[PDB]
Amino acid sequence: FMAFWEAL
Amino acid sequence: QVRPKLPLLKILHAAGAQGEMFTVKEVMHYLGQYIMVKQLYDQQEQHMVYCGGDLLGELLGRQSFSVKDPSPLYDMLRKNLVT
């Protein structure tokens with residue numbers, strides 16, 4: 001989740 | 001900096017935010033914190049967030065969304081952040 005969220 | 005409307009501000013406070021004024025990146029950070037606290041992402045498909053029956057879902061007008069697509073989040077922020 002975090003890897004994806006930080007990519008927003 | 002931006003000042004969130006009240007329902008969005010309560011989400012940020014639930015996730016540890018303090019006060020009323022934030023940068024956009026702080027708002028995004030605390031939304032991520034909230035999703036983790038409330039365990040709204042799918043543990044087995046971690047880009048998917050299931051927010052139906054949560055206040056976040058009410059604000060997004062969504063039951064679910066992919067973190068890979070920023071559009072529903074941006075739409076919500078446009079409506080819920082005052083500059």
# chains A, B, ... in the order shown; residues from 1 in each chain; ligands from 1

$ closest_atom_pairs --of "chain A" --to "chain B" --cutoff "7 Å" --atoms "only C-alpha atoms" --output "CSV"
residue,atom,partner,partner_atom,distance
A:1,CA,B:46,CA,4.8
A:4,CA,B:47,CA,6.2
A:5,CA,B:67,CA,6.3
A:8,CA,B:70,CA,6.4

$ write_last_selection --atoms "N, CA and C atoms" --output "CSV table (one decimal), in the first residue's frame"
chain,number,residue,atom,x,y,z
A,1,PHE,N,0.8,-1.2,0.0
A,1,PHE,CA,0.0,0.0,0.0
A,1,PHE,C,0.8,1.3,0.0
A,4,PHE,N,2.5,2.3,-3.3
A,4,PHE,CA,1.5,2.9,-4.2
A,4,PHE,C,1.1,4.3,-3.8
A,5,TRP,N,0.7,4.4,-2.5
A,5,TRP,CA,0.2,5.7,-2.0
A,5,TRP,C,1.2,6.9,-2.2
A,8,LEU,N,1.2,8.7,-5.7
A,8,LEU,CA,0.1,9.5,-6.2
A,8,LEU,C,0.6,10.9,-6.8

$ atom_distance --atom1 "atom CA of residue B:25" --atom2 "atom CA of residue B:71"
15.8 Å

$ atom_distance --atom1 "atom CA of residue B:18" --atom2 "atom CA of residue B:62"
26.4 Å

$ select_by_dssp --residues "stretch 26-58 of chain B" --states "alpha helix (DSSP H)" --output "NGL selection string"
:B and (26-37 or 55-58)
